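Chains as they are written, first to last, in the entry's author numbering: chain B, 247 to 295; chain C, 198 to 246; chain F, 1 to 338; chain G, 1 to 338; chain O, 219 to 324; chain R, 5 to 64.
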Amino acid sequence: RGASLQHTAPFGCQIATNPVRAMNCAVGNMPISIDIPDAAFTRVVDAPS
Amino acid sequence: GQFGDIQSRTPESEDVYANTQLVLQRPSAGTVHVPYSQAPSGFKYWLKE
Amino acid sequence: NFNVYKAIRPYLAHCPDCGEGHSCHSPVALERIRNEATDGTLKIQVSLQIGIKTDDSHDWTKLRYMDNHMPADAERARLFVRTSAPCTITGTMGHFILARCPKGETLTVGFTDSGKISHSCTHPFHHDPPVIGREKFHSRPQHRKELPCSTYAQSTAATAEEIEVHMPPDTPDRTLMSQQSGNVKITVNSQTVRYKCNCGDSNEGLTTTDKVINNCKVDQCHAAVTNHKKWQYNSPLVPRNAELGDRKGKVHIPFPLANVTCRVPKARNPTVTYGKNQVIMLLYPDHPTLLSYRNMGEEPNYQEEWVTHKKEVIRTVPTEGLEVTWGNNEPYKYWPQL
Amino acid sequence: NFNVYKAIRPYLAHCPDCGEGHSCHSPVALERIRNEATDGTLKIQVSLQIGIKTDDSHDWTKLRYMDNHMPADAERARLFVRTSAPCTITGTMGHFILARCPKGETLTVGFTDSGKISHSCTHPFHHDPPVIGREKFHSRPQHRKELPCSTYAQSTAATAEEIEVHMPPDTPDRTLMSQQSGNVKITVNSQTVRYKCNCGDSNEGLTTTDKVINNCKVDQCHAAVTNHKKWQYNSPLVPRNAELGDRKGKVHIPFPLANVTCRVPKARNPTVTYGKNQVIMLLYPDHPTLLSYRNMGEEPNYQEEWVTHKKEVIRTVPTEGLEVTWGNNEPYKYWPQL
Amino acid sequence: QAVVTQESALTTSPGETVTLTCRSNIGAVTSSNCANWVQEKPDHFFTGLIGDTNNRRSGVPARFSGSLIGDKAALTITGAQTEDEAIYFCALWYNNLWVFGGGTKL
Amino acid sequence: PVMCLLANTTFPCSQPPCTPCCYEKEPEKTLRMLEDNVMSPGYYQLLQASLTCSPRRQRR
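Below, the structure is given as structure tokens:
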């Protein structure tokens, strides 16, 4: 039988199955692009000194 | 887990130097069962060793 | 309705482990001891029709087999299975028998007959349990980890169940040859008496009544009863019909396996003295524990060990880290403290 | 007089491994497996009145399992102790049952019910006591020394022993109130029935009357059976005073252990050939035989091994002497003379 | 077996003792079963005619009491009348749910 | 909707080609019919219909 992908997790990996899932796939980068509303950012006069 | 986990400061003494790692576990599922994990007999291990 | 035991016919089989070194035509033929039970429910095939009354109906205290060309009905209590210990009987439906028996390499099926006829069914039954969790624990646990596993349940209804029954070859009988003394004065008893007489002229006949032969000895007449009254579970250990081809039926079967769960143990994780990149975990396992260390990054070096006594694993923990899956619990984390 | 079951009560506790994997509230639940005895006396804590009569008789043939609001008395031979197989029960009184079983890791204390309900409490009972001696003994010796060890002795005196005889918990009672015609004509039938309707108004009362309620839960009238007549030796399976404070009691505890001395055998004298500084001894053990050879003086060299097959160990006999002990006989000293 | 049953023709007169059976076959209908001879009207008007297995049935006539009588919960309408004359629906319950049997049309 | 064929005619499934009540009287004819419907999908409903508690000693 042997150890499964959870039992044999390289990469610091979290093995998931049915469906296969990289829970804690410890690798790489994630590009997060937040186009937020700019009116959330109060201006240079909007802040205290 | 030490050989001498129950320390009798007197031979029929009233004090017991004992840190057995008796950790209470989660409750019994719908039935009154004491979920409580402890270390084994350290003098029973001293009986074993 | 479901008169499948009425459709059943008790037929004994020449088993090899019958007791005293002699296996014979007993009603206790272990046909196919299925080890498909993922949780540990053994599905054995029995030579009797277990759970069958004398009229083919339910015998709620009775066990059914074929005794002496008739139904061999007995008590349902005495039919036991000794694999290595007194086995936990699950169910008796037809040939199908449910076993929560002990672990072993052999299996005898010892059934107490009506005249105390303890028929043995001896074979190698390598009863070995499958592993749940990391701990080598045998018992049925009080609390612990949920393992969704198999279980060879005793579903007696034949949903995908099909036993190959058939009218077998002719049941031989030494009483069918009658004392005609040099005549063939064969008594029938109402059976399909295929008598091959060893004398002149008509030394044949699938007779239905008693005959009288001239010039043919009683040792010449080989008589047998026509085994064509019911479908019997046509396994290889039974004498199949050489007078039949493939004319055989398939009836519902017992013992349907299903998916169940199990409770496993998670033992007390020992103290971990943390020194420089190395934590000594003084674990005291009470079952044979699977403790695994894995690297926290790409190069895992996936070590695993089975524990019998207490031991202090000096885990040289990486800077990437170490996953320590001991017991049945979640694996411990090792990040090196700066 | 000591009617120990008078303040006693057979308490059916949820033993998890009862047989067939299911937990059940049987009184043969293994409360406390006292494995303290050095000589093999295992004291199983019995949740029923094992050895005590159900009617409070002191009867060795009567084991009263406190079944369903009554004492149900069964035969004394209904209990076995299958650890690896059924072991020899030495005695059984009330809450205690001290016996001698074989080697094993699970322990199912089987008990006979009144309908033969084999309450076989299966816990993990890792029973194998490490015996002292120069050989790994199995049975009682022909001639051998009585080494002092423990023994769970058969005096059932409740002095220097105690059970935590706390208050009996209130029994749950779904059996009391009926759904008269589909509606609330509920009954008490003679207890401290903590009745509580599934609606306001009639929603309380620890009385013994009937409930005339409508439009609501007929099953919503949920009640309890109050038993203020006896305490119980407060086993951890039993639900304690969370519907109580700390009003707990204490009573005696039987089956008290004391010291004994068990006779163990010593093996045959091995064949010893003494050549030039060399003492070759051929030990053939009947058990795992401790053979230890050391110096007779300041250089210890205290080597020792358990022996399992025939072994012709050649000790280079020291000038300070070869002190060897191979089995339970006293050791040979070697003076390497000449 | 669902029978609060009785004699199939056992009725009283106008003001007569309509003594029907509403009982089980092996003995009585229950009292916590409420073996009664309840009312059965035009359009099958179920109600307490004589109900509760020892007691009366209010909303049925002033005579109707389902009790221990006959060979069952005896639905004794002591003054069951021309307005009380209907199906004495023999009710037998299990102490969880009450089931009407056939009843006796008085 | 089924097509039972008991060597006589293409009858329905449960009301077979010569079904029902096959096992209580002609058990060898039931064995030939279980040769048919053991190889027959529509006679699988005769293997459960005139087979599965549908013999000639069927009491209903």
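We put the CB at the ideal spot given by N, CA and C, even for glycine.
With respect to chain B, the C-beta atom of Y284 of chain F has no partner C-beta closer than 8 angstroms. Per the C-alpha coordinates, the member of R:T56, R:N41, R:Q49 positioned closest to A11 of chain R is R:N41.
Around the beta carbon of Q303 of chain G, fewer than 16 other beta carbons sit within 10 angstroms, so the residue counts as exposed.
Segment contact: the segment 173-185 of chain G against the segment 274-281 of chain G, fewer than three CB-CB distances shorter than 8 angstroms; contact not assigned. Taken in chain order, the unbroken stretches of beta strand (DSSP E) that lie wholly in the segment 186-237 of chain F and span 3 residues or more are 193-196, 222-225. Residue environment analysis places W231 of chain F among the buried positions, since at least 16 neighbouring C-beta atoms fall within 10 angstroms of its C-beta. With distances taken between CA atoms, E225 of chain O lies nearest to O:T294 out of O:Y312, O:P232, O:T294, O:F264.
A distance below 7 angstroms between beta-carbons, with the five flanking residues on each side excluded, links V307 of chain F to the following residues of its chain, in chain order: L283, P285, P288, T289, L291. For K311 of chain F, the enclosing beta strand (DSSP E) starts and ends at 311-316. Contact between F125 of chain F and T83 of chain F holds, since their C-beta atoms are separated by about 6 angstroms, short of 8 angstroms. Among the residues facing chain R, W306 of chain F is not included, as its CB has no counterpart in that chain under 8 angstroms away.
One Cα belongs to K145 of chain F, the other to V264 of chain F, and the distance between them is close to 5 angstroms. Distance from the CA of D113 of chain F to the CA of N251 of chain O, rounded to the nearest whole angstrom, comes to 47 angstroms. Within 10 angstroms of the beta-carbon of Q337 of chain F lie fewer than 16 other beta-carbons, which makes it exposed. For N328 of chain F, no pairing in a beta bridge is given by DSSP. Under the three-state reduction of DSSP, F96 of chain G is assigned to strand. Residues of the segment 212-229 of chain C with a Cβ closer than 7 angstroms to any Cβ of chain G, in chain order: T228, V229.
Contact of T254 of chain B with chain F is assigned, a C-beta pair being separated by under 8 angstroms. Neighbours of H143 of chain F in chain C, taken as residues whose beta carbon is under 8 angstroms from its own, are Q222, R223, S225, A226, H230, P232 in chain order. Here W335 of chain G is exposed, its C-beta having fewer than 16 other C-beta atoms within 10 Å. Following the DSSP letters along the chain, one finds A7 of chain F in no beta strand (DSSP E) but inside the alpha helix (DSSP H) bounded by residues 4-7. Any Cβ of chain F closer than 8 angstroms to the Cβ of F287 of chain B would place that residue at the interface, and such an atom is absent. Annotation: the continuous beta strand (DSSP E) that includes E304 of chain F extends over 303-307.
With the criterion set as a beta carbon lying under 7 angstroms from some beta carbon of chain G, the members of the segment 124-156 of chain F are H138, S139, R140, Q142, in sequence order. At a cut-off of 8 angstroms, the C-beta of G201 of chain C has no neighbouring C-beta in chain F. Under the criterion of beta carbons closer than 8 angstroms, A223 of chain F and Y195 of chain F qualify as touching, at roughly 4 angstroms. Taking 8 angstroms as the cut-off, the Cβ atoms of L257 of chain F and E20 of chain F do not count as close. Contacts with chain F (Cβ-Cβ distance below 8 angstroms) from the segment 85-113 of chain G involve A85, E105, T106, listed in chain order. Against chain F, the CB of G258 of chain B has a partner CB under 8 angstroms away; the residue lies at that interface. Judged by pairs of C-beta atoms under 8 angstroms, the segment 162-173 of chain F touches the segment 243-253 of chain F, as three or more such pairs exist.
Below the 8 angstroms Cβ cutoff, chain O contributes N314 as neighbours of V218 of chain G, in chain order.
Inclusion of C199 of chain F and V188 of chain F in the CB contact set at 8 angstroms is not warranted, their separation being larger than that value. Residue nearest to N214 of chain F within the set F:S202, F:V313, F:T207 is F:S202 (criterion: CA-CA distance). Shown here, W316 of chain O sits in a strand according to DSSP, grouped into three states. Chain F has no Cβ within less than 8 angstroms of the Cβ of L50 of chain R.
Rounded to the nearest whole angstrom, the CA to CA distance from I268 of chain O to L228 of chain O is 15 angstroms.
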